[PDB]
Every structure is written in C-alpha cells, then in structure tokens.
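Only one structure is covered here, and it is reproduced in the block below.
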Amino acid sequence: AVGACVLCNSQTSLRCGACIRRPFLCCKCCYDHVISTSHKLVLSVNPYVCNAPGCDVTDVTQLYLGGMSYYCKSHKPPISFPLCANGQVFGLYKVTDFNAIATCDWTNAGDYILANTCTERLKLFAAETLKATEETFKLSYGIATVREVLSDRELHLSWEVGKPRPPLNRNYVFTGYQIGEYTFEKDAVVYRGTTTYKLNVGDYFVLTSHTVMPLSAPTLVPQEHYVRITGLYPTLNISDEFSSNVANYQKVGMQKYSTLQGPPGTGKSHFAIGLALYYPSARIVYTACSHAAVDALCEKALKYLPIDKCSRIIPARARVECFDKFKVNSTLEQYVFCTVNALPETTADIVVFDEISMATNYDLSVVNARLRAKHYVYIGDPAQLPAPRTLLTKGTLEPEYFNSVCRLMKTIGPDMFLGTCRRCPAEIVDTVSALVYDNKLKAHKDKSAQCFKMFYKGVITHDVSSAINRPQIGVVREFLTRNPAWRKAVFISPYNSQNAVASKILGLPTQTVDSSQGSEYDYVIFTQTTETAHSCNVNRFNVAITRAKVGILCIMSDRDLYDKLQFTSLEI
Ligand SMILES: [Zn+2]
Ligand SMILES: [Zn+2]
Ligand SMILES: [Zn+2]
C-alpha cells in the first residue's frame, strides 16, 4: 500500500482503483488524474469510500476526511476537509499523457504513438496496461468443442453461441483441455497439436490468457559513452571474414548500448556471431522474441563458435520444435541462446537482442530486468515487420512507434547500418532501397533477370476476413507450366487462406509474408491477393520481395507498388 508515483516518483499511499494496473499516484498527480478522467476510485490502506453505513459514494471528488475516516457530502461531520482540494488528494507524504494511457482501449494507432513518445516510466505503465488489456480481451471469445475427429490432422468444430469466433491462424494459440497447446487452419478444419494426442470428441480448446507481470526495468538503460572499450578484450588475430565489422565491434564496446539497422541479407547474424569472435572471452547472451529468430542465431553460431560453450535455453512448457545441436538449459555456458519470455536471471558482458522490429516495449523492459550486462546490442530493421498488435484496428502503426529501439533508429538514426545486400538480385535491392531505405541500400549481386511482375486484380473472395484470390493463383499455375525451374519456388502471400488454396492448387511450400521474415529462398512467387492496407503495407512488401536469392514473380493488385517494382513486366 506504500509505493512510488508512476509520474514524478514522489512516495504515496494512493493508487488509482479505476486503472487496470492500479498505479501509485502522489497527491499532486492523483488529483490531476481524477479531476480530468472518469477515474474516481482512489485506494490507500483502505479505499476512499464513504464510511457511513449503506452508502455507495466512492468518487474521491465527492468525499471528505472527517477525523481519520472518509464520508461524502451527505454524511460528513461539521469538521471535515475535502479529499480533493488545492490540486491534491489527501494521503501520506503530501499528466495529460498518463490520462490517455490509463483510459484508452488500445484500438487506435494514436494509443501506441503515445505509449512510445511518453516518458520512460510511462512507457512501462503503457506496456503493462496494453498487455493486461490484450489478455483481459482473451476472455471475450467463444469456446470450441470438437464435434468430430476426421483424421490425425483434420477435425470439425462446434463454436460457442453469443461470443465471437477468433481468427483461425498460427497467430492464435489455444490451450487444449491440459492436452497441450494447439493451433487451427481452414466445414473441414486442420488441427495442429504441440503434443500428439488422440483428439477426444467433445474435448474443448480455450486461448491462453496469461497473467501480466509488472515491469520494473526501463525499455532502454540510460546511454553511456566511453573513451575506451569497456569490460571487453578485443583480438588482434580476427578472421578476415569479420574484418568489415571491426570498427562497429569497437563502437559496441565504447557505448552501454548500440543499435544496428540491417536491411535484408546485409549480415545481421554474421555481425552478431562475429561480435563473439571479436571479444573472444566475453559471455554473450543471444536473445529474440521468437524461437525461429533464436534458432537462426544458433545456426550461425554452430558454424563459427565452439559448440561446447553454447547452450539453447528451452522452456519446459515447449510449444514448437527448436534448435537441437547445443547442450540444453545450461544457463552458465559462455554463449546462451534463448527467447525473451524464457530468459533466466543472469549477467553477461554483451547481450545481443535480434529481430528488434518484432520486440514490444514489454519485451525490451523484460530483457533489461532479467539480464544485467556491460553492453547491449539491438539488431533489426525498422523497415521490416513489427509484432502483431491484436487490439489495434484503427490506423496504421509507423516504424518509429514499434518500440523504443525503433523510435531511436527512425529519429536519431541507428548507430550502425549494414548498407550492402548480398542476398537479393539487384532488381529487388534497387526496389526496396528506394521504397524504405532512402536509396542507402546497395546491391552486391547483379540483376538476375528472373524478377517478374504482373498486374492482375483477379477476384477477391474471403474465408471470414482472410482473403483468397483464385485467379491470381491460376495465373501462377499458367506461369509454372512455362517456367518449370520455378517448380522449386516458395509461394508467399499476405493471407493464410490464400496460401491454403495455393498449397492445394500449386503444391508449392507456402509462407505468409509475416512467417517468411528472416528466411530466404532461391525463388519466391508472391500474390498480393488484395489492395487492402495490410497487403499494401510497405514494410510487409519489403519483407515479401527480399526473401528471394535468385528470382521472384509478383502478381500485384496495387498499381502503386506494381509501378514501384523494378522488374520485367509479364502479360496474360
Ligand atoms: Zn506524482
Ligand atoms: Zn486511473
Ligand atoms: Zn455517504
């Protein structure tokens, strides 16, 4: 009941009872909150409610202190002081942005803008409030009870009446009942259990609504610049492979934290693993939000670092299959690879946090709270995809608002920029360089002459809201017969339902733009599917076309992005 004010740190007995996170507010800030919002319940040792029997007055502006008790206007004794007066709320030890965070529903883009432009303590309040709001929203959907089991990978579902049905994609993970976590894909539906189980008829699945823990550590520690490399000991014998990053590795040791913007295929994992070879005695914890980002870092370390000093931390509540070649859960190995949600309480000489566009401020804070390091390196690309914000429906979230790190990279610029793309044919590099990198990305490869674009609106159908464009898939099928080398292409689209249809019609392996991030393929076939804000998002468009090493076929819906593609146009 006694704590510190989330706005000015002043000690107080007051917490806001109307705030979902119940933050400690001092007399000054508590007043400026209750007097400007619908929030009127104030909590101390005892709540600020009228003590008079059977009285329901709980509004602090309608209450007074009579002796050492609280009463409303109808029950106060002659000698009483208002609880709200002179810009203060009574209590021991005697804000426009805080009000908006405290009262918003997190459905507008402006809510996320504020959560990232506010002061550091308000970024944690915002991140805690958003996460709790997202989980209290997880109690709103309807239960799915299995009507029948068709096979080992297919079933029919019976949904709860009155409550909405949640989007059936890999994004939403249900906990089966505890028969393990399970996912779904589209009356026949495809079931994917984390644990193999004889799907009982009648057994139900419900979305995991986990408890949101409070945040203590800032999203970014206060920056410190040094005159010499601190706590790290460089090699003089550094492999020529990593020579291009020596000045940047030295910058890493001369700052508390550093940001690295690495466009697709510019050498982010190479830089991260080369940091270990540059400071050979340094203990490095490699972290990212997803198991896939952590696994890609593991694959790079397997090729350059001693396997006996590596360890992959895997949580006991295993959801997906991940990296198997390092010793598991050895927290004290020199190189620790672990997702943010599974990080142990440890220290390190360097912490490398990869795929930074996918981090939230909640993740940034958790990393600072579990890992106490000499240096923190943030690697990613603000021109790539952010974490899905399930509550956000109105407006688009710009890159400078993804998290604190992305805000810095878009405002003051990143500390380090990898400006040469080694993956993509020049047609793709020239396109994304002009689109999202202010013409600063350069192509290492020549033009492949295997990058094609076709403007074909087709016909848009919908599986609920997830879109399908069968004529765009038909155009691809026609192209494949005439271009058999493309038989080995990966089919990519902004929609899971478009991918499901293309998987059955084309037989190509399938990937959404969002699940393709961090991966690369020789050939990519991309169907835009629709002209929505989702399919036209320039970051999503950037990720989609930079998956290709050799060739890409883009079947476009949007004239704008089609005209921007520096590809050979095709006809049909
Ligand atoms: Zn205060
Ligand atoms: Zn409040
Ligand atoms: Zn009363």
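Scheme for the structure tokens: letters A, B, ... for chains in order shown; per-chain residue numbers from 1; ligand numbers from 1 in order shown.
With only C-alpha atoms and all ligand atoms as the atoms that count, the set of residues no farther than 9 Å from ligand 2 is residues 15, 16, 17, 18, 19, 20, 21, 22, 23, 30, 33, 34, 37, 38, 39, 40, 41, 42, 98, 99, 102 and 103 of chain A.
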Which residues, written as a VMD selection string, have at least one atom at most 12 Å from residue A:543, with only C-alpha atoms counted and residues fewer than 2 positions away on the same chain left out?
chain A and resid 263 to 265 357 381 to 386 424 428 to 429 431 to 432 435 to 436 492 to 494 511 to 520 524 526 535 to 541 545 to 548
Tell me, as JSON, numbers by chain, which residues lie within 9 Å of residue A:48, counting only C-alpha atoms; anything in the same chain fewer than 6 positions away does not count.
{"A": [41, 42, 57, 58, 59, 60, 63, 70, 71, 83]}
Nearby polymer residues, ligand 1, at most 6 Å, only C-alpha atoms and all ligand atoms, as a PyMOL selection string
chain A and resi 5+7-10+25-26+28-29
Please produce a file of those selected residues containing N, CA and C atoms, as a short mmCIF file (atom, residue, chain, number, x, y, z; two decimals), in the first residue's frame.
```cif
data_model
loop_
_atom_site.label_atom_id
_atom_site.label_comp_id
_atom_site.auth_asym_id
_atom_site.auth_seq_id
_atom_site.Cartn_x
_atom_site.Cartn_y
_atom_site.Cartn_z
N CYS A 5 5.17 7.08 -7.04
CA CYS A 5 4.34 7.69 -8.08
C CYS A 5 4.86 7.39 -9.48
N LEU A 7 4.57 8.90 -12.07
CA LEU A 7 4.77 10.10 -12.89
C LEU A 7 5.88 11.03 -12.41
N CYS A 8 6.04 11.14 -11.09
CA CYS A 8 7.07 12.00 -10.54
C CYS A 8 7.91 11.32 -9.43
N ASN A 9 7.64 10.02 -9.12
CA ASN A 9 8.36 9.16 -8.18
C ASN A 9 8.08 9.47 -6.71
N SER A 10 7.40 10.60 -6.40
CA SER A 10 7.06 11.02 -5.04
C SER A 10 6.35 9.89 -4.29
N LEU A 25 0.03 6.87 -7.37
CA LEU A 25 -0.04 8.27 -7.79
C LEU A 25 0.10 9.13 -6.55
N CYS A 26 0.92 10.17 -6.63
CA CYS A 26 1.10 11.07 -5.50
C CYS A 26 -0.08 12.04 -5.41
N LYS A 28 -0.45 15.18 -5.85
CA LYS A 28 -0.49 16.10 -6.98
C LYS A 28 -1.01 15.40 -8.25
N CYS A 29 -0.39 14.28 -8.62
CA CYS A 29 -0.72 13.56 -9.84
C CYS A 29 -2.07 12.79 -9.78
#
```
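Where the distance criterion is 9 Å and the atoms used are only C-alpha atoms and all ligand atoms, the residues close to ligand 3 are residues 49, 50, 51, 52, 53, 54, 55, 56, 57, 58, 63, 70, 71, 72, 73, 74, 75 and 76 of chain A.
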Could you save the residues just selected, with C-alpha atoms, as an mmCIF file, in the first residue's frame?
```
data_model
loop_
_atom_site.group_PDB
_atom_site.id
_atom_site.type_symbol
_atom_site.label_atom_id
_atom_site.label_comp_id
_atom_site.auth_asym_id
_atom_site.auth_seq_id
_atom_site.Cartn_x
_atom_site.Cartn_y
_atom_site.Cartn_z
ATOM 1 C CA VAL A 49 -15.313 5.305 0.052
ATOM 2 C CA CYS A 50 -17.961 6.804 2.340
ATOM 3 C CA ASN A 51 -17.655 5.040 5.729
ATOM 4 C CA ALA A 52 -21.308 5.781 6.596
ATOM 5 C CA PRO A 53 -23.359 2.554 6.673
ATOM 6 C CA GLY A 54 -25.046 1.572 3.384
ATOM 7 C CA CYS A 55 -23.536 4.482 1.442
ATOM 8 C CA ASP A 56 -22.291 3.891 -2.107
ATOM 9 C CA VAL A 57 -20.254 7.148 -2.589
ATOM 10 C CA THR A 58 -16.827 6.015 -3.989
ATOM 11 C CA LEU A 63 -15.591 12.666 -0.448
ATOM 12 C CA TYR A 70 -13.978 9.294 4.867
ATOM 13 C CA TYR A 71 -17.551 10.470 4.192
ATOM 14 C CA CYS A 72 -19.493 12.005 1.286
ATOM 15 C CA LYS A 73 -21.276 15.464 1.352
ATOM 16 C CA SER A 74 -24.473 13.856 2.874
ATOM 17 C CA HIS A 75 -22.598 12.106 5.722
ATOM 18 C CA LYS A 76 -19.573 14.267 6.556
#
```
Polymer residues at most 12 Å from residue A:306, only C-alpha atoms, same-chain spacing of 3 or more positions, as an MDAnalysis selection string
chainID A and resid 273 276:277 280 298 300:303 309:311 325:327 333:335
Go ahead and dump the residues you just picked, N, CA and C atoms, as an mmCIF file, in the first residue's frame.
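Dumped to selection_8.cif:
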```
data_model
loop_
_atom_site.group_PDB
_atom_site.id
_atom_site.type_symbol
_atom_site.label_atom_id
_atom_site.label_comp_id
_atom_site.auth_asym_id
_atom_site.auth_seq_id
_atom_site.Cartn_x
_atom_site.Cartn_y
_atom_site.Cartn_z
ATOM 1 N N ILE A 273 27.356 -12.988 -34.547
ATOM 2 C CA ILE A 273 28.271 -14.073 -34.183
ATOM 3 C C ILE A 273 29.736 -13.597 -34.226
ATOM 4 N N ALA A 276 31.255 -12.239 -31.039
ATOM 5 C CA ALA A 276 31.812 -13.258 -30.145
ATOM 6 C C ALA A 276 33.259 -13.548 -30.503
ATOM 7 N N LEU A 277 33.570 -13.640 -31.800
ATOM 8 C CA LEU A 277 34.934 -13.863 -32.257
ATOM 9 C C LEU A 277 35.818 -12.602 -32.038
ATOM 10 N N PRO A 280 36.648 -12.502 -27.705
ATOM 11 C CA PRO A 280 36.594 -13.957 -27.505
ATOM 12 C C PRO A 280 36.335 -14.474 -26.100
ATOM 13 N N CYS A 298 21.481 -19.505 -33.544
ATOM 14 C CA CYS A 298 22.069 -20.793 -33.176
ATOM 15 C C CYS A 298 22.783 -21.423 -34.405
ATOM 16 N N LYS A 300 23.962 -19.867 -37.054
ATOM 17 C CA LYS A 300 25.149 -19.075 -37.355
ATOM 18 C C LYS A 300 26.280 -19.361 -36.354
ATOM 19 N N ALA A 301 25.961 -19.527 -35.048
ATOM 20 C CA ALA A 301 26.970 -19.847 -34.032
ATOM 21 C C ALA A 301 27.547 -21.264 -34.210
ATOM 22 N N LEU A 302 26.734 -22.194 -34.696
ATOM 23 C CA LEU A 302 27.155 -23.565 -34.912
ATOM 24 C C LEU A 302 28.339 -23.635 -35.916
ATOM 25 N N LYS A 303 28.325 -22.744 -36.925
ATOM 26 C CA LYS A 303 29.326 -22.615 -37.978
ATOM 27 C C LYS A 303 30.626 -21.869 -37.533
ATOM 28 N N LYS A 309 30.760 -24.419 -25.718
ATOM 29 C CA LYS A 309 30.461 -23.224 -24.938
ATOM 30 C C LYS A 309 29.083 -22.622 -25.270
ATOM 31 N N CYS A 310 28.292 -23.288 -26.136
ATOM 32 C CA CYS A 310 26.935 -22.868 -26.479
ATOM 33 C C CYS A 310 25.850 -23.663 -25.746
ATOM 34 N N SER A 311 24.717 -22.996 -25.509
ATOM 35 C CA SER A 311 23.563 -23.618 -24.885
ATOM 36 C C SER A 311 22.267 -22.957 -25.319
ATOM 37 N N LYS A 325 21.149 -28.864 -31.581
ATOM 38 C CA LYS A 325 22.590 -29.174 -31.585
ATOM 39 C C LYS A 325 23.433 -28.577 -30.432
ATOM 40 N N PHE A 326 22.861 -27.792 -29.498
ATOM 41 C CA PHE A 326 23.629 -27.288 -28.345
ATOM 42 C C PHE A 326 23.161 -28.012 -27.071
ATOM 43 N N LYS A 327 23.972 -28.003 -25.973
ATOM 44 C CA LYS A 327 23.509 -28.593 -24.705
ATOM 45 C C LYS A 327 22.314 -27.743 -24.208
ATOM 46 N N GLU A 333 26.724 -21.475 -19.700
ATOM 47 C CA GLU A 333 27.640 -21.622 -20.842
ATOM 48 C C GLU A 333 28.003 -20.215 -21.358
ATOM 49 N N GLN A 334 29.185 -20.053 -21.949
ATOM 50 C CA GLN A 334 29.629 -18.759 -22.467
ATOM 51 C C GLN A 334 28.642 -18.119 -23.465
ATOM 52 N N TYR A 335 27.958 -18.945 -24.258
ATOM 53 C CA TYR A 335 27.020 -18.468 -25.255
ATOM 54 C C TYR A 335 25.661 -19.046 -24.971
#
```
Enumerate as a ChimeraX atom specification all residues of stretch 108-325 of chain A assigned to strand (DSSP E or B) by DSSP on the backbone, naming them with the chain letters and numbers the document uses.
/A:108,144-149,154-159,174-176,180-185,189-193,204-207,225,255,257-261,284-288,310-312
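Of the listed residues A:115, A:460, A:391, A:412, the one whose atoms come nearest to residue A:136 is A:391, with distances taken using only C-alpha atoms.
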Residue A:159 environment, 8 Å, only C-alpha atoms, sequence neighbours closer than 2 positions dropped, as a list in words:
residues 142, 143, 144, 145, 157, 161 and 165 of chain A
Could the residues in this selection be saved with N, CA and C atoms as a PDB file, in the first residue's frame?
```
ATOM      1  N   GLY A 142     -15.355 -17.139 -27.915  1.00  0.00           N
ATOM      2  CA  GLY A 142     -16.119 -18.342 -27.592  1.00  0.00           C
ATOM      3  C   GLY A 142     -15.307 -19.621 -27.649  1.00  0.00           C
ATOM      4  N   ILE A 143     -15.686 -20.611 -26.813  1.00  0.00           N
ATOM      5  CA  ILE A 143     -15.056 -21.927 -26.669  1.00  0.00           C
ATOM      6  C   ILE A 143     -15.347 -22.834 -27.873  1.00  0.00           C
ATOM      7  N   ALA A 144     -14.350 -23.615 -28.326  1.00  0.00           N
ATOM      8  CA  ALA A 144     -14.546 -24.551 -29.433  1.00  0.00           C
ATOM      9  C   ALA A 144     -14.594 -25.995 -28.926  1.00  0.00           C
ATOM     10  N   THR A 145     -15.750 -26.646 -29.058  1.00  0.00           N
ATOM     11  CA  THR A 145     -15.902 -28.028 -28.624  1.00  0.00           C
ATOM     12  C   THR A 145     -15.912 -28.938 -29.863  1.00  0.00           C
ATOM     13  N   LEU A 157     -15.373 -28.426 -35.886  1.00  0.00           N
ATOM     14  CA  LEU A 157     -15.586 -27.702 -34.625  1.00  0.00           C
ATOM     15  C   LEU A 157     -16.987 -27.095 -34.419  1.00  0.00           C
ATOM     16  N   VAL A 161     -22.155 -20.061 -28.785  1.00  0.00           N
ATOM     17  CA  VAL A 161     -23.149 -19.095 -29.242  1.00  0.00           C
ATOM     18  C   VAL A 161     -23.043 -17.803 -28.409  1.00  0.00           C
ATOM     19  N   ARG A 165     -16.007 -15.580 -32.791  1.00  0.00           N
ATOM     20  CA  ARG A 165     -15.066 -16.642 -33.127  1.00  0.00           C
ATOM     21  C   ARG A 165     -13.722 -16.016 -33.473  1.00  0.00           C
TER      22      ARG A 165
END
```
Please run DSSP on the backbone and report, as a ChimeraX atom specification, all residues within stretch 102-144 of chain A that come out as alpha helix (DSSP H).
/A:102-103,109-117,120-137
